[PDB]
Amino acid sequence: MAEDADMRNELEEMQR
Amino acid sequence: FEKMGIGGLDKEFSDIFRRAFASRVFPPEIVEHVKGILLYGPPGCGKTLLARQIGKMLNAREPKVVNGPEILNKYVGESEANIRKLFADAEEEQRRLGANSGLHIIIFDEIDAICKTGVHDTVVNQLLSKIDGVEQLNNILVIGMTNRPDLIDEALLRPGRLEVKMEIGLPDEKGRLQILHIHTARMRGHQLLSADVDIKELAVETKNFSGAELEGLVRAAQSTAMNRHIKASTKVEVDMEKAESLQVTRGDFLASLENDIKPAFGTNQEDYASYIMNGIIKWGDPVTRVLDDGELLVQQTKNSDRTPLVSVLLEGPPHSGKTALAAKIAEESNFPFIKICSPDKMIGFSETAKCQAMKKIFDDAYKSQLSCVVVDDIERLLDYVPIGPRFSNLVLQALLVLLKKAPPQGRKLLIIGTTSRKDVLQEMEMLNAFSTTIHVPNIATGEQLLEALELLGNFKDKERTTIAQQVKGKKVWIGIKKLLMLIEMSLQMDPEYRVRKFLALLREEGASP
Amino acid sequence: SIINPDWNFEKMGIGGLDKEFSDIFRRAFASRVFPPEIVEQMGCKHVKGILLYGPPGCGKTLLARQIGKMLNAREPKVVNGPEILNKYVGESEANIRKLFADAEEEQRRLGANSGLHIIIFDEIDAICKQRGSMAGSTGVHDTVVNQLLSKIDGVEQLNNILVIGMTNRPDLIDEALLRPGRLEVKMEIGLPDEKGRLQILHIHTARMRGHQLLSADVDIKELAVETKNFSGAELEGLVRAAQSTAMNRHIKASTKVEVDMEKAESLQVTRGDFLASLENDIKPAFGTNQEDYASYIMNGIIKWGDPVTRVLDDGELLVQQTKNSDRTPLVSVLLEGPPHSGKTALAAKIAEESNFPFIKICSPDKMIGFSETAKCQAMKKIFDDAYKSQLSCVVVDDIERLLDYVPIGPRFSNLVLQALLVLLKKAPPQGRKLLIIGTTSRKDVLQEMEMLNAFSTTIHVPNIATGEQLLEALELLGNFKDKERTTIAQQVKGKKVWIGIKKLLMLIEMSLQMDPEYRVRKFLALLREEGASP
Ligand SMILES: Nc1ncnc2c1ncn2[C@@H]1O[C@H](COP(=O)(O)OP(=O)(O)OP(=O)(O)O)[C@@H](O)[C@H]1O
Ligand SMILES: Nc1ncnc2c1ncn2[C@@H]1O[C@H](COP(=O)(O)OP(=O)(O)OP(=O)(O)O)[C@@H](O)[C@H]1O
Ligand SMILES: Nc1ncnc2c1ncn2[C@@H]1O[C@H](COP(=O)(O)OP(=O)(O)OP(=O)(O)O)[C@@H](O)[C@H]1O
Ligand SMILES: Nc1ncnc2c1ncn2[C@@H]1O[C@H](COP(=O)(O)OP(=O)(O)OP(=O)(O)O)[C@@H](O)[C@H]1O
C-alpha cells in the first residue's frame, strides 16, 4: 500500500 | 393517550410512566430517583411533542430549554459559566427546602452539538460534573433529543447521568390510523369532509410514511380543495360564493398522494413474470409428457428420505421454448423458496463475480427447508465459443462441485438446468453429474402446425384452407418462437400479400433434422 | 391582503415556467388568501419553505426576486453565499440568530395577525451540508447546521416566516432539513421547449418592436425552431449579440472612435444578424444530443441503380414493424456486403428517416486504446440510456473492429462477444420498444462465431456490377463531358465491372490531377489495373 499523503490545516482564533 | 395528539407511541409512554414517575407518585414513606432521559429516532416522529407534553403533565415549574449551541462564547470562561446559571435555583431549593423541593426539568435540543478543542471538552466536563458530582441532587431531570445517536459521547450515557434511553420508530398501520384520525377529526366535526373518503384505504396506502408526511399529505389535500375557489393570471381571488361551501373529495387525496408527497424509501423490482410472456399453449402431446415428468421429479424430491438432492437437464434445439417450461414447472412446484439464475443480470462480469453471485444464490437456498433453483443458458454462463474452443474453467469447476453438495441435515433441494448444446456438455464430462434428462422437440408435422395456428387465431378460414392444401402433405421442422416472429413479419403487408409472404418465409426456413 | 394590489403575471417577465409557478402558488399561497374564519375552522398550518434547483441559467434567481417583489411585506433579507462564517468561536450562530430576531419580536408582539417576513438563501449547499459526512477538522459547520435546524423549527413555535433556497446540487443537502415542516415543496427547473423558447424570445423582443427598431423580415417562429437546446440566458445573449452587430455598422475606428450621427437615427436589426450570430458567437453549453449525421453521410446518396431503393424500402418496412407490434418488442437486422459499398451511410439514412425520440450510434472511432472492459462499460451505458425511452433505435457499426479480429491465429476479444450476444437476446422493460441495426463486412467470420443466428433478418448491399450503372453514376456526379463519356462508354459498355462507389470517387479524384489531354487515359488505366475482380 501507499502511505496517505501530507495534508494542509485550517485554524481558528479565540478572544480573551 | 391520543388526547395529547400523538398516535402509535402509547406503549412507549406506558414504559415512560413506569420507569420515570413511579417513584415520585409512589407513597413517600415506603420509598423512604432517575435524572436522565435520551430520546432518539428518525426526524419527524414527535420527539418535541413528547418533551413538551412531559413538561406540561407534571405539576412543576416551567421547564428551561436551551436552543442548540447558545452556550459557546468567544471569551474565556463564559461557556462554562453559562452552564452554572442553569442549576442555581435547583441548588437553592435543595439547600433550603431539602427533600420537600419541587421538580426541575431541563430540556436539551440538538444535544449532539455541545456533547461529542478547549471549549468543547471543558463544556462537557462542566456538564458531567454538574449533573453527577460531589454534591448529589435528587430533584432534577434532564432530557435530550437526537437524530444521530452514534455521535454522542459515551461518558454521558453511563448510569446515574442518562439512564432512560428511548427509540421512536415509524408507526405501524394502527398508529397511522390514529394519526389520520387525529388530523381529520377537526374537519369531520364541522362537516367539511366529503362522505366518499375512507380513512382505512388511506391508511393501507400510505406505507413507510411518518407522522409529518401524513400531516403534509392532508395539508396538500386541503390546498387542492381550496385552489378551486382561487383565481389567478390577472389578480388573486377568494371566490367566496363557492369558497363558503368547501368539501374535500377523494380525488383531492389521491392527487395529493400522487405527486405532492412521496414515501422517500426504496422500491422492489420483480423479473420472474418476464420469463413467461405469451403463456403456454398445448399444441401436442410432448408438452403434457414434459409436465408429467416434472411433476414426478417434484414429488420424488418432496417425499425422499435418502435422496435429498435431485438434478435434471432440459434438452432441445434453439427457439424451442425451454426456459418457459422450466419456469412453469418451478411455479407449479409450490415450494417456499424459488429463484432463477440468468446471465442477463451479469453483463461485463469476470469469473470471480459470477462465482460469487452463484454461491450467494445457493447460500440463500440452503437456509430454507425445501428449495428449487433453475439455471438457464449454461453455455452462456460459462461463455463458450467453438473457435479454439475457449471457455471459463473456474465456473465449470464451481458448477461441478455445487451439483453434488447436499444441503444441511433434513433439508431438500431441486435443481433444473437448461441448454441447447448437449454434445459440448457431454465432452466436458458434466452430463454425468445430472441424474436424468428430458427432451423438448420442435413441431414435426403439419397437423400440429395447423393446431398451433388455430390456437393463436391469426388467420381466418379462407387462408387456413390454402395453408392446409400446402403444408398438410409434408413434414416440417420449426420452433414456436420463430413461428411467432414469422407471423408478425408476414402480418405487416396488405391483406392481399400476407399468405404468399408467409408461405415464402416458411419455405425459406424449411429444413430437416 | 398579502398580495400587492397592483400585480399581474405579464409584468413579471417569466417565459417558460407556467406549470411550476401555478403549482407554487397553489401549494404555498392558498391558505393566506382565503378568509381567516374558514382556515381556523380547518385548523391547518402554513408552508414555511421552498427549494428550487436545476441546471445553470434557467431562472431560479429571477423567480425568487419576482416572488419577493410580488408580496406586500418587509424588504427581504438576502444571504450572499457563505457570508456568515467568522473566525472567532461562537460568532456564526449569532449572525444566524440575528436573521430571525426581528420576526420573533414581531410575532411575540402582535400574535397571529402579524405581517410576513421573507429570507432568501443563495448557494445554500455552501453552508448546509451533512453533519456526519464532512471534513473532520473543525466543528463550525455542524454547529451552524444545528443552529439553523433548531431556529427554523424549535421548541418555541414561529409561524410567520417563509424561507427560499436555490442550489445546483440538491443531493448534498442533509436529509433532516428536507422534511415536511421545514422545506417540503421542492421544484425543479429545466431547459424549456419550443413553446417556452417562443415565449422567451417574444418577452425579450417586445421593447424593440414597440419603438419600431426591428425589421419585418425577422420571423420569431423560425428562430424558435432553429435554437434547439438553448436556455433563457443563451436566448438573451443571442439578442444582445445581434444588437451589437447592428450597432457596430455606425462606428469607425482604427485611429479614433467616431460614431457618425447622421445615419444613427435609421437603425434596424435584420435577420442576417441573427443568422450570423447563430453560427459565429453562441454555441449551446449542453452538447447536442442530435447525432452529427453530416460526418457519417459526407457526400449524400445518389440512386445509381435499383438496389438502393430496395434497401431503403426494407428498412422502412422493418421500422413499421417495430412501431406497430406488441408480440415482438425487439427486432434486429444485419447489413452485409463487400468493402467500399456504403453500408454505414445507408444505415445512418435508415436510422434518420425514422422519427423515434431516441437515436444513437456506437462506433469504434471513440474507443481507441481502450481495454476490453471499457468497451463493455460504454456499450452497457448506451443501452441503459436507450432503455429509458418508449421507442429506441441503436446502430452498431464495424462489428469486426469492435471485437479486435485478426485472421492470424486468429485473435479476438471474447468478453465483448459474449456481452453483445446477451444484449442482443434480452428485451427492454414492459411496454417499451427497441430496434437494433448492425453493420459488418465479413459474414463468414460471424457465422463461425455462431452469432449470425442471433439476428432476425439480413439485407444485402451490393456494389456496381454493370456498365450502365457506372454511366448513371457518372452522369449523377457530372465529372465528365459528353465527349469523354462517349469514349468511356465505347469501352465499358461491352463488359461488366466490379467496383464500389467510394473507390470510384477516389479514382475520379486521382484522375483529375493529370492534364486535360491525359485524364481519360489515367482513369481507364486505373480502372483496368485495380478492377480485376468478379
Ligand atoms: N406520531 C405523530 N403523531 C402526530 N403528529 C405527529 C407525529 N409525528 C409527527 N407529527 C406532526 O409533526 C409535527 C411534530 O414534529 P416534531 O417537532 O415533534 O418532530 P421531531 O421528531 O422532534 O423532529 P426533528 O427531529 O426533525 O426536530 C407536528 O405537525 C405533528 O402534528
Ligand atoms: N408450449 C409452449 N412452450 C414454450 N413456450 C411457449 C409455448 N407456447 C408459447 N410459448 C412462448 O414461446 C416463447 C418461448 O421462448 P423461450 O424464451 O422459452 O425459448 P428458448 O428455447 O429458451 O430460446 P433460445 O434457445 O433462443 O434462447 C415464450 O414467449 C413462451 O411464452
Ligand atoms: N425563463 C426565463 N424567462 C426569461 N428570462 C430568463 C429565463 N431564464 C433566464 N432568463 C434570463 O437569464 C438571466 C440569467 O438567469 P438567472 O439569473 O435567473 O439564472 P440562475 O438559474 O439563477 O443561475 P445559475 O444557476 O447559473 O446561478 C435572467 O436574469 C433573465 O435575464
Ligand atoms: N448511393 C450511395 N450509397 C451509399 N453511399 C453513398 C452513395 N453515394 C455516395 N455515397 C457516399 O459513399 C460513402 C459510402 O460510405 P462509407 O464510406 O461509410 O462506406 P462503407 O462501405 O461502410 O466503408 P468501409 O469499406 O470503409 O467499411 C459515403 O461517403 C457516402 O456518403
- request: Return the long-range amide H neighbours of residue B:68 (sequence gap of 5 or more, or a different chain), with a cut-off of under 5 Å between placed amide H atoms.
  value: B:109
field: Relative exposure of C:153, B:363, judged by other C-beta atoms within 10 Å (fewest first)
entry: B:363, C:153
query: What list do you get for B:394, B:156 if you sort them by fewest beta carbons within 10 Å?
result: B:394, B:156
message: With unit charges on the beta carbons (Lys and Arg positive, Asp and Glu negative) and the dipole taken about the Cα centre of the protein assembly as shown, which residue among C:465, B:338, B:128 sits farthest to the positive side?
response: C:465
message: Classify the protein assembly as shown from the C-alpha gyration tensor, please: rounded if a/c falls under 1.5, else prolate or oblate depending on whether a/b exceeds b/c.
response: oblate
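Just tell me how shielded C:89-96 is by partners: mean number of partner chain Cβ atoms within 10 Å of each residue's Cβ, no decimals.
Average neighbour count from other chains, rounded to a whole number: 5.
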message: Which entries of B:345/B:405; C:303/C:503; C:77/C:98 have Cα-Cα distances beyond 21 Å here?
response: B:345/B:405
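Once the piece of chain linking residue C:281 and residue C:6 is laid out straight, how much longer is it, given 0.36 nm per residue of separation minus the C-alpha distance between them?
95.0 nm
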task: Hey, can you grab everything whose amide H is under 5 Å from the amide H of residue B:58? Only 5+ residues off in sequence or another chain; H modelled, so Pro and N-termini drop out.
output: none
field: 16 Å Cα-Cα reach of residue B:74 towards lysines, excluding residues that sit fewer than 8 places from it in its own chain
entry: C:87
statement: Here the whole-number average of other chain Cβ atoms within 10 Å per Cβ of B:218-228 is 5
statement: Of C:81-89, C:262-270, ordering from highest average Cβ density within 10 Å down gives C:81-89, C:262-270
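Just counting partner chain Cβ atoms within 10 Å, what average do the residues of peptide B:35-45 show around their Cβ?
The per-residue average across the peptide is 2.
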query: What's the FRET efficiency of residue B:451 with residue C:424 using the Cβ-Cβ distance as r and R₀ = 25 Å, to the nearest 0.05?
result: 0.20
task: Could you tell me which of the pairs C:343/C:366; B:262/C:381; B:47/B:242 are separated by over 31 angstrom between their Cα atoms in the structure shown?
output: B:47/B:242
task: Calculate one ³J(HN,Hα) per residue across segment C:166-174 by plugging θ = phi - 60° into the Karplus curve 6.51 cos²θ - 1.76 cosθ + 1.60, and present them in order as whole Hz with x for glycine and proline.
output: 10, 7, 10, 10, x, 4, 5, 4, 5
query: Can you sort B:439, B:104 so the residue with the fewest Cβ neighbours within 10 Å comes first?
result: B:439, B:104
- line: For the pair residue B:397 and residue C:219, the simple spin-label estimate (label points 7 Å beyond Cα toward Cβ) gives in nm 7.3 nm
task: Work out the length of the dipole vector of the protein assembly as shown about its Cα centre, built from +1 on the beta-carbon of each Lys and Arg and -1 on the beta-carbon of each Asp and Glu, and round it to the nearest 20 debye.
output: 1440 debye
message: Can you give me the distance in nm between label points at residue C:302 and residue B:60, each placed 7 Å from the Cα along the Cα-to-Cβ direction?
response: 9.8 nm
Separation in nanometres of the label points that stand 7 Å from Cα toward Cβ, at residue C:290 and residue B:432: 6.6 nm
- prompt: Around residue B:310, which amide H atoms from residues at least 5 apart in sequence, or from another chain, sit under 5 Å from its own amide H, with H modelled in the peptide plane?
  reply: B:413, B:415
message: I need the calculated FRET efficiency for the pair residue B:237 and residue C:206, taking r as the beta carbon distance and R₀ as 22 Å, to the nearest 0.05.
response: 0.20
Karplus-derived 3J(HN,Hα), 6.51/-1.76/1.60, for each residue of segment B:376-387, Hz, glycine and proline x: 10, 6, 4, 4, 6, 4, 9, 2, 10, 9, x, 7
query: Roughly what % of DSSP beta bridges within chain B run antiparallel, to the nearest 5?
result: 5 percent
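The numbers here are math on the coordinates, done by the rules we state, and not lab data. Don't worry about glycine lacking a Cβ; one is built from the backbone with ideal geometry, like all the others, and counts go over all protein chains shown.
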